[PDB]
Amino acid sequence: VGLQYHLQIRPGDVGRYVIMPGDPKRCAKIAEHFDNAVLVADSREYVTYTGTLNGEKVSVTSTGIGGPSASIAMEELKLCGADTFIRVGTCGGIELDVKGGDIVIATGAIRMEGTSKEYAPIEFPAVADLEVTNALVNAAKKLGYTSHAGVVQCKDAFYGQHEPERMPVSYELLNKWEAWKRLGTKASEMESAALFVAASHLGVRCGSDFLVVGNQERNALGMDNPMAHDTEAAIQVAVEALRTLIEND
Amino acid sequence: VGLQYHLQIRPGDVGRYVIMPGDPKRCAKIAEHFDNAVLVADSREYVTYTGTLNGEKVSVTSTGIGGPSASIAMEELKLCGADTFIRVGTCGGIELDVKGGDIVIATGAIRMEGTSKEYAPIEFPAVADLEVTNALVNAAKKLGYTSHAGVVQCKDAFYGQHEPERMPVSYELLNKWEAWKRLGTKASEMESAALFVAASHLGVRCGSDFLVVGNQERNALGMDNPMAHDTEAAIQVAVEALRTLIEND
Amino acid sequence: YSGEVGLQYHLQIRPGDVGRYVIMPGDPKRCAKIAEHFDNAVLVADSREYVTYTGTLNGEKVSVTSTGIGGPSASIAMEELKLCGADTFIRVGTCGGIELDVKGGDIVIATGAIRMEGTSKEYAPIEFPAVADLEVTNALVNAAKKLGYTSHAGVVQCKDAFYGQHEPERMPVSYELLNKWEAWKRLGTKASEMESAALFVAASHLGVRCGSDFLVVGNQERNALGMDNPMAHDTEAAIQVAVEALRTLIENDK
Amino acid sequence: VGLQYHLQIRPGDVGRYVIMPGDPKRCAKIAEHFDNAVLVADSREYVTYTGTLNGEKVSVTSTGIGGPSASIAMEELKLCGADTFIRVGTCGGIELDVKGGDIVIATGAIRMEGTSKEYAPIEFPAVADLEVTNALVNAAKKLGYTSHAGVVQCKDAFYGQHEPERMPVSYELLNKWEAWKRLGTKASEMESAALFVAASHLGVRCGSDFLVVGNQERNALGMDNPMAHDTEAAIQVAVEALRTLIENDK
Amino acid sequence: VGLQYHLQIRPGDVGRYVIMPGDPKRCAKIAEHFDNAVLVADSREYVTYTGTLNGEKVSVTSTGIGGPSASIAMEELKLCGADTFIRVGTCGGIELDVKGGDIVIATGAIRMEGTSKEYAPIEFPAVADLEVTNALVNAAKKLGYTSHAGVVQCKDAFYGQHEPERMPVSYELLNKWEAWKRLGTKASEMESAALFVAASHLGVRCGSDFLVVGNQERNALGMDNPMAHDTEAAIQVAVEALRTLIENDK
Amino acid sequence: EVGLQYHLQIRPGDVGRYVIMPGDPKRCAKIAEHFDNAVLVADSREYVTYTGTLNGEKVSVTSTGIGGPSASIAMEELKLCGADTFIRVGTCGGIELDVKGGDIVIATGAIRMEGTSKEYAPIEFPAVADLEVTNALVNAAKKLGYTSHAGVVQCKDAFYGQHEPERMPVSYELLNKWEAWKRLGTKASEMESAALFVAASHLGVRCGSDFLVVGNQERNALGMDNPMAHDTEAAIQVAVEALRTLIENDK
Ligand SMILES: O=P(O)(O)O[C@H]1O[C@H](CO)[C@@H](O)[C@H]1O
Ligand SMILES: O=P(O)(O)O[C@H]1O[C@H](CO)[C@@H](O)[C@H]1O
Ligand SMILES: O=P(O)(O)O[C@H]1O[C@H](CO)[C@@H](O)[C@H]1O
Ligand SMILES: O=P(O)(O)O[C@H]1O[C@H](CO)[C@@H](O)[C@H]1O
Ligand SMILES: O=P(O)(O)O[C@H]1O[C@H](CO)[C@@H](O)[C@H]1O
Ligand SMILES: O=P(O)(O)O[C@H]1O[C@H](CO)[C@@H](O)[C@H]1O
Ligand SMILES: O=c1cc[nH]c(=O)[nH]1
Ligand SMILES: O=c1cc[nH]c(=O)[nH]1
Ligand SMILES: O=c1cc[nH]c(=O)[nH]1
Ligand SMILES: O=c1cc[nH]c(=O)[nH]1
Ligand SMILES: O=c1cc[nH]c(=O)[nH]1
Ligand SMILES: O=c1cc[nH]c(=O)[nH]1
């Protein structure tokens, strides 16, 4: 294995454990939670920092928006030695109890996107690794953060989530959205389906937690809908979960 | 709510916790693990016994083979007050490490069947309830049984699994089978996809464990292929998991 | 899996246990009732949801084996019966009327089935029609006429989710179920049941003859319009039609 | 109802019973089997002759190749009063027993085409009317022609049937072809799926019989593969079937 | 390569450039635009005329209605040496600016039909050849005809376009129709999707222009809806485009 | 009214009606050098935006990142801010054997083997490039003297599905479809045009695309000379020249 084309990393540049935010600008924020983390690469939408946690090498690499760029990151990180991943992002609540400021931990994801379909037949479930999921749930409890563990909807079109009525395929998006609501779906985001399915194929462990920035369903009902933007809580949960996974390994 | 057409049960007949084997003949065997279990109903392929565990009312109801009959059981049990379900069945191993005699615990299921598609869009994941899954995993470790926690393939055609080459759609079955193998799938069975998706819709908790009867992949490679038919171990794991869920209620 | 040559894993039958002609109800409890129509029938196997009785009709060996609810269990029955020598099958069940002329008490004979289920898709590409054998269908139609029972020969809708038929509005995929239901109504569909699609398609692949008749238990569409909707539960009439059809097929095969 | 745009026919121009060949040039041939048939219209690929059989008004209208043109014919004939249709065409054998010269009677059809999908969800079976099918089977028996009653494969791409290996989607066509063989499919043609499904929606009776022109599967195995082109036999069976259907309606 | 089964043509009978109308009766009208056109064949719904344009051999062959019959025509013409095709038909407008009498030039087509799916995976775009499309656009401008260059919707069920509400799959047809409207679709017809995709596989150039016969969407909104039937303009544009292509190919 | 865009962090007035869109945010500065007095407008997430002028007209360059999901977001937000003419400038892997490293590919349409476009339009709708933009690109390539190939390009969501399909659980599907693309005259493989073309059809804007061929796996499989390329200057020059004539034609 040599220099990776998209991420510009080589074997030895990253740890076995990696946190993956969508926004490259969030990597520095996350790296602050690691020990002696330095920037290893900044290529395209991929910023990578590597430091340590409990003395073990760990990294944080952005994926950009969408399963296409996210799967490229997992593939190249895996080739360089990574085997445990935790996506840390933002999401829009669906379930009425999921409010801005809360944390969502994905147990699985709705594969309404194309990247996963180029990895596995659609019938295969996008499911998060059990160990990573439990580590996240336990971390949130220990830190005292309100959390929701459940399925999250993934999609390829961000504007299909907030303006489905305008789309040529509005009927499809609207019908499926009601379906997600009737299935107990917690929130909506964009990268977990691709990461979970790719992880199943690559044989690595992957989980995800998110900061709920708001809830459109609560808004439509006129219910109080506080907005949030600071991902610190979600980051703290992911880092504590990593410490747990590292020690258990 | 009154008398259920298919199961012939009514509110009060069953507990909130129900174990669900596929074979009606297995209900009596499972009922022996409960305290003072009595036969409640014997309608069609649905045999139901209700007793107590740790003083809480519990039941066991057969689903028959297939998502169609299994979904009916969950629907009617739910209408009568059931809200926590654990399927206990048999399966065929895929992953080479999954041998006859071992126990498999489904974290999710491949929706290669039609029942779940009449409940949810195919993109939705058939995922087991986190609490039930952890209860099963812990029970298996406590009892010292070799277990495998992962995704199981569900299907509608049993003979499509064992005689794919002869089917008109052999090409599709064989292609998908290789796909399941490359996705770390643990074993193959038939009811979890329907039960998991139906559960997501109904708002109830559902999990599954199975006795591995054999492994066709090991057989195809000329490897050891011990056969097993006694589901006592899978049943013990399910009963202990139920006890845990009852305690943590 | 069965540990013995010829022993069928699920049905627990062996070559010699069943005749070439088999009636297939969904409910295992209905087998005894059907067996009474044969001469000297005896139970040969009772495994899982599969109860099998064998006797004779006009001196020819015949059987009745339950399939349980759904294409998954029904396909297993046909596969294992076929391996034991069966080659002519007639499903006898219950169905819910769709066409407004299909009333409770009437008999429906399936000429084909709507493949809105997954079992048939694991046998054949969805484009292939789930169509009943011509000889069996004609035998059923002629038997109902001879016996004087009002019948309707046409397409039946098959499905995997019973509760999707009666509670579609509640389903996450309600939009799909409701839209397709309107399509079935506009295509002259007679009634709704669950096993014929799987049985007809498997039969086409296995090279055996299969047909189906059903007792109409009611009609939801007539009920929705406020039209008289008499309910029914006794499958005796449907059974009589099936047994008479078997007599016809047995004699014609000679 | 007035003048139909594509067929250029109006109520009264056609009978309740119509035979439908694919080739417009085959209409004159079929018309000879009726009594005092006259040319009614010649529009696009649609030629229509109307005459009588047993004193009842009957017609023959070509459909052209494919479900798109055939469905237009059924829709417009239906609007003008037609309610019983029998397609008479040619087909290529699949089943090894189906040889050139033989007649095939479609009990149903494989919907591997797009026209039917714009009428009904793909799960709906393309199934021929019981009465018409029995009439055809009884006619073939009475006339003494070797016939095969079973499912036929329909398709939209003729060259996908004969040159599948060359197609970009060769893998799909070849795989499905093997599936049709393993399902007992009798032969391959192109219009029945569209006509059967449309008939189910329109509430009319439709059936089909064909002249087997050859069998590629027999040719692939080096078996004797007689070639045929005279649709006379298939036509005689369809006309005899129309005759008994007419008598039964009386 | 010998006699083609369906079109009844053989190498040498047609030029490299072919105009393809849907109606066999329109071939004679189009042939008048060529120099010294001769009737080469009249088989089934396929009428073929061959003459010259600027001294170069060119032909006109009807396709009948639908992708199935049109694909057969392209396949057989191609085997006989044709490599540049221009479909000339009629269409119903969708885009509110597309009025009866106007000319529509297809830059691509919506594959809501089955023929193309037997040639290519549905994801592949039905796109017209750039050179042919530019020749058509420039020709329309030169001749002074109002034209619209864009995507056209293809379908297999003509009656699904005008009577969607009645169809068993009305919900699907209606939803998709609204989608086509929100994607700037110019008009609706039936053969371009099949021809464009088949052309991509066969390695030939294909384009299409149509006479707008009316606009149902304008009518639905109560807007002036002038209707037309004379394809003379659409034919002139295609013939002028052929002259351009012929000269540029030199 | 339209305000600050969440993802791109731009507002009405920040960008011109004409925008060039590379996939790599790092390629924006290089493209901007082709404009007059370009200045950085925003740098948010994978979206870097520069705005300057070309022949007096305001023009911009904004990166899309990899994939239709990020690309569609860029088009949506740029459109809201007033952009109506887009030209993607990227890199691609050749398929047709005549498409080799260094050449320029101009997409006339795209294979929708990705999910973003499906959340915009039914799959039957063609992903087709705007006629004016495509012609402008073709004319520019000829004028500048660069070898170019105008045709259909394959779009996908999984980069590693293109380069190691044999490994994938769905290898059978990827491999079969790849042969189909080869038999349909497909020129090259990339990732964002399908989403951009379809979104443009819906939004009512003009979109085209040109790419630098960086390699050709099919040529390599046959042992043919397979030179690698990475300098996008040529593809950029063609896009800028196309923008220039499009601007002139609109005036
Ligand atoms: O904030 P990140 O980590 O990018 O995640 C969320 O943000 C983007 C949508 O704004 C998508 O990536 C979504 O999943
Ligand atoms: O033994 P059970 O519980 O029936 O489970 C397995 O057994 C049957 C297949 O033999 C299917 O039900 C499968 O899921
Ligand atoms: O009464 P049977 O024979 O079971 O048939 C009908 O009854 C069941 C539904 O209640 C399904 O099997 C349906 O097809
Ligand atoms: O000869 P006809 O009646 O046209 O039928 C067959 O002939 C054509 C194919 O050559 C298709 O129409 C096919 O169904
Ligand atoms: O007039 P033509 O060329 O046949 O084209 C149109 O006419 C027919 C529909 O009336 C279809 O072929 C449609 O595409
Ligand atoms: O180099 P860009 O412009 O990103 O384009 C190509 O590069 C990436 C793949 O390496 C994808 O974006 C593909 O479309
Ligand atoms: O609503 C939201 C919020 C964050 N990310 C999303 O994808 N959707
Ligand atoms: O192989 C097997 C064994 C048990 N149950 C199944 O469904 N498959
Ligand atoms: O309504 C009914 C009645 C019997 N069986 C069914 O499947 N549905
Ligand atoms: O092989 C054949 C012969 C006639 N018609 C067809 O469609 N196929
Ligand atoms: O509306 C129309 C007019 C002509 N051709 C069509 O296909 N549709
Ligand atoms: O092979 C390649 C090269 C560049 N971009 C792609 O998407 N694929």
Side-chain angles (χ1 to χ4, degrees), chain B residues 4-7 43-46 64 66 68-69 71-72 76, chain C residues 23-31 33-34 49 64 66-74 91-98 102 104 108 110 113 117 156-167 191-199 212-221 223 229 231-233 235 238-239 242, chain D residues 5-6 68 72, chain E residues 22-23 65-66 89-94 98 100 104 113 152-163 187-192 210-217 219 227-229 231:
Chain B
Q4 301 304 116
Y5 180 68
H6 299 94
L7 314 205
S43 175
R44 288 173 171 276
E45 60 262 68
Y46 306 107
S69 50
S71 59
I72 283 176
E76 303 192 357
Chain C
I23 289 178
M24 301 173 84
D27 186 1
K29 277 64 178 178
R30 192 182 301 143
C31 290
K33 181 177 183 174
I34 293 171
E49 59 264 70
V64 55
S66 53
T67 66
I69 295 172
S73 51
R91 163 172 157 61
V92 178
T94 52
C95 195
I98 293 174
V102 182
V108 165
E117 37 66 56
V156 297
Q157 180 230 19
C158 272
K159 58 184 177 295
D160 275 338
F162 179 85
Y163 281 89
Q165 183 203 327
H166 294 291
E167 309 287 55
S192 177
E193 58 110 15
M194 297 178 73
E195 298 79 29
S196 292
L199 261 16
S212 306
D213 83 323
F214 319 82
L215 160 70
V216 178
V217 299
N219 191 135
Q220 63 195 80
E221 293 305 314
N223 183 62
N229 181 45
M231 181 200 98
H233 67 287
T235 60
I239 295 177
Chain D
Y5 178 64
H6 299 95
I72 281 175
Chain E
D23 182 1
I65 293 175
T90 55
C91 71
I94 295 178
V98 184
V104 165
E113 39 66 55
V152 296
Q153 176 231 29
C154 279
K155 54 180 181 296
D156 276 338
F158 177 85
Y159 281 89
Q161 187 203 325
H162 298 286
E163 297 293 309
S188 176
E189 57 110 8
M190 298 177 73
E191 298 81 25
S192 295
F210 320 84
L211 161 72
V212 178
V213 298
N215 190 138
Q216 60 197 92
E217 290 307 314
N219 186 58
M227 297 196 86
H229 62 69
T231 63

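Counting convention: from 1, in listed order, for ligands and their atoms alike. All chains are named by letter (A, B, ...) in the order of the sequence lines, taking the proteins before the strands, and each is independently numbered beginning at 1. We use all heavy atoms of the structure for the numbers below, so side chains are in, but hydrogens, waters and symmetry mates are not.
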Exercise. Using side-chain hydrogen bond (donor to acceptor under 3.5 Å, both in side chains) as the criterion, list what pairs up with E:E191, not counting sequence neighbours.
Key: E:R87
Quiz item: Taking only residues two or more places apart in sequence, or in another chain, which ones meet E:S188 in a side-chain hydrogen bond (donor to acceptor under 3.5 Å, both in side chains)?
Solution: E:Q153, E:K155, E:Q161
Practice problem: For E:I65 and D:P68, work out which heavy atoms get closest and say how close. | Solution: O-CB, 4.0 Å
Practice problem: Search all heavy atoms of C:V102 against all heavy atoms of C:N219 and return the closest pair with its distance. | Solution: O-OD1, 2.8 Å
Self-check item: Student check: side-chain heavy atoms of B:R44 and B:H6 closer than 4.5 Å
Solution: yes
Exercise. Using a 4.5 Å cut-off on heavy atoms from C-beta on, say whether the side chain of C:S73 contacts that of C:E49.
Key: yes
Where the side chain of [X] meets the backbone of [Y], is there a donor-acceptor pair that is under 3.5 Å apart?
{"X": "E:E189", "Y": "E:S192", "value": "yes"}
{"X": "C:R30", "Y": "C:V92", "value": "yes"}
{"X": "B:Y5", "Y": "B:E76", "value": "no"}

Present, as a list of atom pairs with distances to 0.1 Å, all nitrogen or oxygen contacts under 3.5 Å between ligand 9 and the protein.
| from | atom 1 | to | atom 2 | distance (Å) |
| --- | --- | --- | --- | --- |
| ligand 9 | 1 (O) | C:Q165 | NE2 | 3.0 |
| ligand 9 | 1 (O) | C:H166 | NE2 | 3.1 |
| ligand 9 | 7 (O) | C:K159 | NZ | 2.8 |
| ligand 9 | 8 (N) | C:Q165 | OE1 | 2.8 |

Self-check item: Close residues, ligand 3: non-hydrogen atom nearer than 4.0 Å
Solution: B:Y5, B:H6, B:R44, C:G26, C:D27, C:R30, C:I69, C:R91, C:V92, C:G93, C:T94, C:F162, C:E193, C:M194, C:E195
